[PDB]
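> Next input, structure requested:
(chains A, B, C, D, E, F, G, H and I, ligands or ions: 4)
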Amino acid sequence: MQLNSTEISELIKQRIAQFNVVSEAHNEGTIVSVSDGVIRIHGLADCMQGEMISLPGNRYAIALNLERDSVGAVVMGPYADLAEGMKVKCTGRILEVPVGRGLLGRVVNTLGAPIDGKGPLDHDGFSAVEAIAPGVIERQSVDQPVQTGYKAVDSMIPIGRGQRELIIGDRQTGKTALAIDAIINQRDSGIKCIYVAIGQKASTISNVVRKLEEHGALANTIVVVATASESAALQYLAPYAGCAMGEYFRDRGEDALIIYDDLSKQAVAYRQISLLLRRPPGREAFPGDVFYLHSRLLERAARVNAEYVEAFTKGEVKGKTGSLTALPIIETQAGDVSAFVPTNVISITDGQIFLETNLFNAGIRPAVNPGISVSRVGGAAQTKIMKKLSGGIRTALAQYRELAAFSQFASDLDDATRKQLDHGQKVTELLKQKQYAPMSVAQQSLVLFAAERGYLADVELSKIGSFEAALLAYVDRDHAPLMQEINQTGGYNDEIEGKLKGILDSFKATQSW
Amino acid sequence: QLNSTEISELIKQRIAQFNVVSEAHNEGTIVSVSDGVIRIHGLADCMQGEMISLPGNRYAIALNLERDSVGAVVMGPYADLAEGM
Amino acid sequence: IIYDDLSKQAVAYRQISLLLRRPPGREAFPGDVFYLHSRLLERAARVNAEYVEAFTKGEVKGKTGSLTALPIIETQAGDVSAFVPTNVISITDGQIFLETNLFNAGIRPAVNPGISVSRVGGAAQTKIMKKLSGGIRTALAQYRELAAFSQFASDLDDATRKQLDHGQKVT
Amino acid sequence: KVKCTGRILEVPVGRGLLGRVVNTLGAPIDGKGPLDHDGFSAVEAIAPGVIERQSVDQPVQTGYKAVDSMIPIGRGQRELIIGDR
Amino acid sequence: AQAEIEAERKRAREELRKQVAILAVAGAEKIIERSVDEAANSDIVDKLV
Amino acid sequence: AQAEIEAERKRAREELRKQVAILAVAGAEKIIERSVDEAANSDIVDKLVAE
Amino acid sequence: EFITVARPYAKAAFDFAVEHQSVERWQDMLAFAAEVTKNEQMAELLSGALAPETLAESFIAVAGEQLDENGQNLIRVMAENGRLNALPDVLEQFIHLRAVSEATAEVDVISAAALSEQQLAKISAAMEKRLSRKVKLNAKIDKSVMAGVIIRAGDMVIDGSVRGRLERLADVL
Amino acid sequence: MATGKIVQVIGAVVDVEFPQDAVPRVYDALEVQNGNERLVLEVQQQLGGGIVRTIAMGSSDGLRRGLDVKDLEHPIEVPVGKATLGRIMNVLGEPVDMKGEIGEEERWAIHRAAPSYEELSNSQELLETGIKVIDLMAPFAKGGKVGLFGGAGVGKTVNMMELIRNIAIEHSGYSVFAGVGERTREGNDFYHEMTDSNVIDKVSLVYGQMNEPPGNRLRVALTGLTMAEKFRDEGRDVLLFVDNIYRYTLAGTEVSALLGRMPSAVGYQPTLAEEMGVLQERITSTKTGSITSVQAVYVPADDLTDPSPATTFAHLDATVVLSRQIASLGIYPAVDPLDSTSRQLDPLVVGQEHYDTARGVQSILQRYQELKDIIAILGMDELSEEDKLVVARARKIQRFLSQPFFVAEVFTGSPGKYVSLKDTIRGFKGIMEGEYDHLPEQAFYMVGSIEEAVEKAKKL
Amino acid sequence: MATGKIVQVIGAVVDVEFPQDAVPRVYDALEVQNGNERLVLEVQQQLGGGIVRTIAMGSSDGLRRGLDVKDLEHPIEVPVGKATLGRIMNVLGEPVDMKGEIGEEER
Ligand SMILES: Nc1ncnc2c1ncn2[C@@H]1O[C@H](COP(=O)(O)OP(=O)(O)OP(=O)(O)O)[C@@H](O)[C@H]1O
Ligand SMILES: Nc1ncnc2c1ncn2[C@@H]1O[C@H](COP(=O)(O)OP(=O)(O)O)[C@@H](O)[C@H]1O
Ligand SMILES: [Mg+2]
Ligand SMILES: [Mg+2]
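Numbering: from 1, shown residues only, chains lettered A, B, ... in the order given. Ligands and ions are numbered 1, 2, ... in the order given. Here you go, the structure:
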């Protein structure tokens, strides 16, 4: 399909024919200094703070300091080949990014340029990266479920559309796995997905993209990439580009979910860019406004009322309420939640899914820690059946954990607690599942029903993964008409209670694990 | 390379005649105001610890007699003050 | 060669570097404090016979030269995480840690084994000492493992009581 | 006025230094008269390179049961002695 | 497929050596807007291949 | 597999096009350098001074 | 580089020169001082740790063609602050300040060859409409342009060179 | 022709002034005559007009203001290829082994961009080290990274020597060793161990010694990376040994403090994580070849929490944890089997047999660590008869995963042994299942394959 | 009549230069046309030579150097009294509520 070199010739001829011969005035400055990624520019009297300055080589710098006689800008890309005396041009643009459905399902960097190798984007218009969040009166309460597909999170820690949930934990405890499984689970909801990776090594992004397209979720998500080796300016500004790309959907009355991978690395990149500009430091050398770094980001994750979207879209949409859901990830060191950036982001978000390392190493995966993890939006964002089934699980598990801590010193122990310390040990063995296996509300619901109404009390040998798999296969064969009702309505009734009793009774009596 | 509180019109006054000490050593002019600390130009007669009288009825305490300016602190509300007083 | 208080050469160099208005690092020490001690301590070396024979232009043959360095460092309340202790602990081939809790209890010289390392090991021992030292290392290691139970002794089994009271006799 | 010698700090060296008390410039301070040195050597010098070394396989004895048995020192080794005051 | 595309590219390269003869004076006569001097290909032999 | 082969076809086509782009524009440069006249430079400048 | 230290002195000198109707004399006085600042021997003296007063007198002496108002005061004030090496910039700022009040612009033009003096007068009259100043063109004969012209009016630039269009086309591809 | 002139010298930091036409760009290499010696400088910053701020690679003594400086218009570039095998070089690619010139044929700049995520090759081919405990408890694939964490004196350097030997005369692939912050004694011992063991002809050695200016120590990692990348482009599966990352971060701290940058959380440089990323992001497998890597990491004062070990953790795929307690009990290699981990240790990539054997070993050792204090208090004759068997099997496992190294012979005299992964799994899987409950414990200490255990017991 | 010029912009900190005699006082409020929206600056320091250092009560992006700044002769002033009951306001006394306008009698 390439022998037709007339195709090459016609491409080149079209590019020549449509070259424009006239020239236009532009404002120009000279590079006076360059070091560690920062350049000083002389000239550009009309440069404006936050503007994009175009360097020779089709790359940009962001004018951060407008000093009295020079402009201090940070290069977005490889700076080492710049040299004093080169000339730069001022674009009339405050930092932009492309937005729209057209980049939905494509891999791009912080500037919206496609690193995917599949041609140019088809955006509609551009959005300012550093925007402002909706006001107090333009917002709405969050009472719509978003399902992460994980029994532990969807039952104990419900997430709502417009909520901000912190995924916090030590290194290598399944944070990225939980995040991209929450993405994959949105294959077929109305929620669009966005994954921003900050400081990730390129092999992790390659694996993430392969898994996203393998499980069929790539067509429904935007991937924004600032790898571990790219200039700190690109890593510091990546989550704002991702937030603008998701806020495009928010403002049109649709639902988006955005995952910031290692905000605790955006803070490090901002610390670097700040110290290289000689700005005064604060508690751990992080600049003074590091709180105002994450705050003005996570306050853009909001659910917005119908009047706001109606007025923004100039009346083209009437009944919809838009929303953007944020799942920032934070890495702690030896689980000291009380560190500086973790205790800031915990003061910003509306909950945290604390992932405990000693549960993760013990094979409990996902290693969510009950008690210390909460959702302050809570049951308002939980479908009715899940809310009914899950009410006890969290406190039952926390008290099971403390009782099983006591147990090690107390052999020959009361036969009443002997049963609590076994039901807890079965529920904690039930709420752990394979990695890329998201589970619908019905499959979680009837499993939690089996566990809560005592049907597990005779499987007290821990052959209980096979029990779950066989129960799901059985229900998927016979009673698919009930799973459809549960998945469509999420409702719960005494009639559905009886139907589930019937399913469990018929399963116990007639099948094997 | 930084400035040291020498400014255009004070340089112009020195340009008019270098020996401005032909003027009174008894007085000067406020040059900057920040968080209650004040910088004054002139006051060749000032001595450390001296009470300097400001417009209104306020005093400042001369803490520093530097090469060309006096650094003092304001004993009262300072936001009412301005350059050139 | 013994250098007594390299941690005072470091202070004199900090003074010189702070009076020259050089950029201060951690604890106001200059950036090149490591490059101060390393190019000192790396001068302690064993040298092969050909270097000696070439340097002296004959007049010596077969012999190998040597220079052994024993730098001394003072720590403030036993903290090793300081700047100069970190550099010198990173440079040298091993450490002899002298601790005050052992010195007070009468263990003198108060060398703390296990926490103290020599990376030359037996290569720098007579074969009799190399033979005999391994059982001392293992005895003190088992003693350090059991020492938590010392103030609960007379509760213990006799088979571990023997190890516990053997480590005390080695100490 | 200051004149720049092209020289670098050198220090006396030799066998006559053996048994003397000397300050960092090589001058005797014990009062037992001048040095019987063997020329001078540069204070700042370059250590022997990689290929000029040899493996440390000779003991230097401390006479302490605690050190020679469990923290051996060899001729050519560098051993830090670290502790509190 | 690799062996297909290899020889496909190798066939293309020889024809683009003809097409460059047009495209170079095309880029010239787009720029000045002056009709280019044709027969100025006295130089073009080194640019041809 | 066919998608990956298509990606490599894209790569090879773009590379060939970029090589011909470099050489074509260099030839245009040398043409414009050799073939020029004052009656053309004055026309270019008279188009510039128009705005 | 000391643009920032020269701004106050240039502004004071200019704002004084218009109180005494002698901008034109001040400009050449500062030009003389800016030249004396460059000599290899004087540049050795200015680096040494002389007292500001005697170092100022050692600078007045080599320039007697100066007003009482200008040299014997400005040079002394700059010496007290140790700013004399800034003189080459105090000149340029001064010139610039003048061109601002006199509503003038030193437009620069660059070309492969001389312009016809009809082209150049049209350029003058057209820039005076683009801007709001009396322009003062000065041309440069740079061969790399090959054809067309570059018009630089400070930080604004209009590029009509065939090389600029060529290397823009090279990036259209 | 030389066009630059020195205008300052402050320690290792040199300022050079050039014509404003010809200012060298960042990371360019300048050259000057420090007397009769030739000294190269690396441009760190283009501060001010015409001036350039640089770090001297050699020592800065003897420099004087006004010397002429000649700017090489390319970064520091080193020889690469076959010609560098068996040689020792400094950061500038000059031979420091007195065997004459390198015989170079091509030179590569040490600064280059990392492979893009599209060029990476997803791979899961496990390496087979000769070491039982590392093969079992912490497998790692081609292109992966392994960190040997531990204190001082635990065996990181000799473990890397053993790996170099085993992957140079069992699998015959090339290897590169970048001794950043090397100790000259240890570097000479390494050279003589590799020359005595015949493997020297398949290892390329770069040394930046501790008595050299900070940036000279800093750029050595990139020099070794560039040699490994040249071997990768030839299609090889190279293996890169970094002798200590902690001293690379210390060299970065020093050079950042010399340039007067504002320091960071613990006095570390601000660019810490970007230097670590620019180092570790070039070490990857690609569609043509691969660079695998193992890195020694010294943990200062025994905490995994300070910026250096904390920032290197983000890049490793496997972590081996060495302990001086286990080493003092006379077991080598002193790997802690419970705390060492790998991302590739799951049934899907190692197979269910390997995964089950590893998890069973860890479970047995954990149960023994539990029983140890009941044994301490109540004596052993009180344990239940299945616990008296867990004890013996854990005690035999704890012996069997020690091993004699070929390079440790000079410490012990006994010969080394290379153990295939099949024999390792067979041995541990046999021990846990009781096939060897009749052998003494000392039949497993410092043996190779289980056949040596049975033969030693037969001899014992 | 505006009289000042923006001379620096560094983050949320803005320096503006006034005639030597018209320098604002310490807590006075200035304002600027940041594109279409007006922006209020609260003075924080008086530096030498008529320069005044202020902090922006709003987004700092989009500000050029040399923009004209207008000196309000009073600090930030807000509405007060019964008129403000049941409303929502921001720092500048502007309704961020959308019920229209505050009919205050006094500020
Ligand atoms: N539910 C699960 N079941 C089994 N294995 C899992 C599960 N979740 C994660 N893992 C495994 O744990 C390893 C670490 O996972 P992941 O990278 O998501 O954690 P992380 O905290 O993002 O890592 P880091 O933050 O250190 O880069 C992965 O290799 C993955 O295979
Ligand atoms: N497998 C082993 N056999 C014998 N001795 C060993 C072994 N491993 C380490 N050692 C001893 O440890 C000392 C230093 O080990 P090394 O590898 O330098 O530790 P580090 O990781 O601190 O560099 C050596 O002198 C050697 O005697
Ligand atoms: Mg992760
Ligand atoms: Mg080591």
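
> burial of the closest residue in space to residue A:36 that isn't next to it in sequence, as a residue count?
Closest residue to residue A:36 in three dimensions, ignoring its sequence neighbours and counting by CB to CB, 6 or more residues apart in numbering or on different chains: residue A:276, at 5.2 Å. In short, each C-beta sits where N, CA and C put it, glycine included. Using other CB atoms under 10 Å in any protein chain shown, residue A:276 has 20 neighbouring residues.

> and what of residue A:417?
For residue A:417, the neighbour count with other CB under 10 Å is 14.

> what secondary structure does the nearest residue to it once chain neighbours are set aside sit in?
Distances taken as CB to CB, 6+ apart put residue A:403 closest to residue A:417, at 6.2 Å, once the chain neighbours are dropped. Three-state secondary structure (criterion: DSSP: H, G, I helix; E, B strand; the rest coil) places residue A:403 in helix.

> my guess is residue A:403 contacts residue A:420, does it?
Yes. Here residue A:403 reaches residue A:420: they are 6.4 Å apart, a contact under CB atoms under 8 Å.

> Residue in the stretch 401-513 of chain A with the shortest distance to chain F?
Residue nearest to chain F within the stretch 401-513 of chain A: residue A:436 (21.2 Å; CB to the nearest CB).

> Contact partners for the residue lying closest to that residue once chain neighbours are set aside?
Closest residue to residue A:436 apart from its sequence neighbours, by CB to CB, 6+ apart: residue A:215 at 6.3 Å. The contact partners of residue A:215, by CB atoms under 8 Å, 6 or more residues apart in numbering or on different chains, come to A:184, A:187, A:436.

> And residue A:449, by the same measure?
A:389, A:500, A:504.

> Show me which residues of chain E are close to chain A?
E:5, E:8-9, E:11-12, E:15-16, E:19, E:22-23, E:26-27, E:30-31, E:33 (CB under 8 Å from any CB of the partner chain).

> cutoff 7 Å now
E:8, E:9, E:11, E:12, E:15, E:16, E:19, E:23, E:26, E:27, E:30, E:33 (CB under 7 Å from any CB of the partner chain).

> Would you list the phi and psi of the second one?
Residue E:9 has phi and psi values of phi -60, psi -40 when expressed as degrees, to the nearest 10.

> Could you measure from it over to chain B?
59 Å (CB to the nearest CB, to the nearest Å).

> burial count for the residue nearest to that residue when sequence neighbours are not counted?
Excluding the flanking residues, the one nearest residue E:9 by CB to CB, 6+ apart is residue F:12, at 5.4 Å. For residue F:12, the neighbour count with other CB under 10 Å is 15.

> rewinding a little: out of the residues of chain E next to chain A, which comes closest to ligand 2?
Proximity of the residues of chain E next to chain A to ligand 2 (CB to the nearest ligand atom) peaks at residue E:9, which lies at 52.5 Å.

> List the contacts of that closest one.
Contacts for residue E:9 were tallied using CB atoms under 7 Å, 6 or more residues apart in numbering or on different chains; they are A:2, F:12, F:16.

> and if you look at residue A:349?
Residue A:349 touches A:164, A:165, A:166, A:298, A:328, counting by CB under 7 Å, 6+ apart.

> Got phi/psi on residue H:33?
Dihedral pair for residue H:33: phi -100, psi 100, per degrees, to the nearest 10.

> how near is it to residue D:11?
Going from residue H:33 to residue D:11 by CB to CB, to the nearest Å gives 28 Å.

> cool, and residue A:245?
Distance of residue A:245 to residue D:11, computed by CB to CB: 69 Å.

> Also residue H:190?
Distance check for residue H:190 against residue D:11: by CB to CB, it reads 34 Å.

> Now do the helices in the stretch 51-200 of chain H.
H:132-137, H:156-169, H:184-196 (DSSP state H, counting those that start in this stretch).

> for the stretch 301-450 of chain A, same thing?
In order along the chain, the stretch 301-450 of chain A carries the following helices (DSSP H, counting those that start in this stretch): A:306-312, A:340-348, A:357-361, A:384-390, A:393-407, A:417-430, A:441-452.

> cool, chain G as well?
Along chain G, counting by DSSP state H, helices occupy G:3-17, G:23-36, G:42-47, G:52-60, G:76-80, G:87-101, G:119-130, G:162-172.

> Mind checking these for the one nearest to chain E?
Closest to chain E of those is helix G:162-172 (CB to the nearest CB; 5.5 Å).

> Off-centre distance for the closest one?
Relative to its chain's centre, helix G:162-172 lies at 33 Å (CA atoms, centre = their mean, to the nearest Å).

> what comes up buried for that helix?
Of all the residues in helix G:162-172, those buried under the rule 16 or more other CB atoms under 10 Å in any protein chain shown are G:162, G:163, G:165, G:166, G:169, G:170.

> Could you do stretch H:364-372 as well?
Counting neighbours by 16+ other CB under 10 Å, one finds that the buried residues in stretch H:364-372 are H:364, H:365, H:368, H:371.

> can that stretch be found next to chain A?
No. Applying CB under 7 Å from any CB, one finds stretch H:364-372 separated from chain A by no less than 9.3 Å.

> And for the residue of the stretch 51-200 of chain H at minimum distance from ligand 4, nearest residue in space, chain neighbours not counted?
Proximity to ligand 4, evaluated over the stretch 51-200 of chain H using CB to the ion, is greatest for residue H:157 at 4.3 Å. Nearest residue to residue H:157, sequence neighbours excluded (CB to CB, 6+ apart): residue H:186, at 6.2 Å.

> how many neighbours does that neighbour have?
18.

> likewise residue H:267?
Using other CB under 10 Å, residue H:267 is surrounded by 17 other residues.

> what about the residue nearest to residue H:379 when sequence neighbours are not counted, distance to ligand 1?
Nearest residue to residue H:379, sequence neighbours excluded (CB to CB, 6+ apart): residue C:157, at 3.8 Å. As for residue C:157, its distance to ligand 1 is 42 Å (criterion: CB to the nearest ligand atom, to the nearest Å).

> Quick check on residue C:157: phi, psi?
phi -70, psi 160.

> ok, residue H:74 - contacts?
Residue H:74 is in contact with H:29, H:109, counting by CB under 7 Å, 6+ apart.

> thinking again about what came up before, also near ligand 4: which of the buried residues of helix G:162-172, exactly?
Counting by CB under 5 Å from the ion, nothing from the buried residues of helix G:162-172 sits close to ligand 4.

> With distance to residue H:375 added, can I get the residues you listed in a markdown table?
As requested, the buried residues of helix G:162-172 are exported to a markdown table (distance: CB to CB, whole Å):
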| residue | distance to residue H:375 |
| --- | --- |
| G:162 | 92 |
| G:163 | 87 |
| G:165 | 88 |
| G:166 | 86 |
| G:169 | 84 |
| G:170 | 80 |
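
> With respect to residue H:436, which of these is nearest?
Taking CB to CB as the measure, residue H:436 sits nearest to residue G:170 out of the buried residues of helix G:162-172, at 75.3 Å.

> distance of the residue lying closest to that closest one once chain neighbours are set aside from residue H:104?
The spatially closest residue to residue G:170, leaving aside those adjacent along the chain, is residue F:25, at 4.6 Å (CB to CB, 6+ apart). To residue H:104, residue F:25 is 36 Å away according to CB to CB.

> same deal with residue H:284?
Residue H:284 sits 26 Å away from residue H:104, taking CB to CB as the criterion.

> Compare these two and say which is more crowded by neighbours.
Each of residue H:284 and residue H:104 has its neighbours counted (other CB under 10 Å); residue H:284 has more, 25 against 14.

> who's in contact with that one?
A:203, H:115, H:120, H:143, H:291.

> now with 10 Å?
A:201-203, A:206, H:114-115, H:117, H:119-121, H:123, H:143-145, H:232, H:290-293 (CB atoms under 10 Å, 6 or more residues apart in numbering or on different chains).

> State the helix or strand in which it lies.
Assigned by DSSP states H and E, residue H:284 belongs to no helix or strand.

> next one: phi and psi at the residue of chain E found nearest chain C?
Scanning chain E for the residue nearest chain C gives residue E:2, at 51.6 Å (criterion: CB to the nearest CB). Main-chain torsions, residue E:2, degrees, to the nearest 10: phi -60, psi -50.
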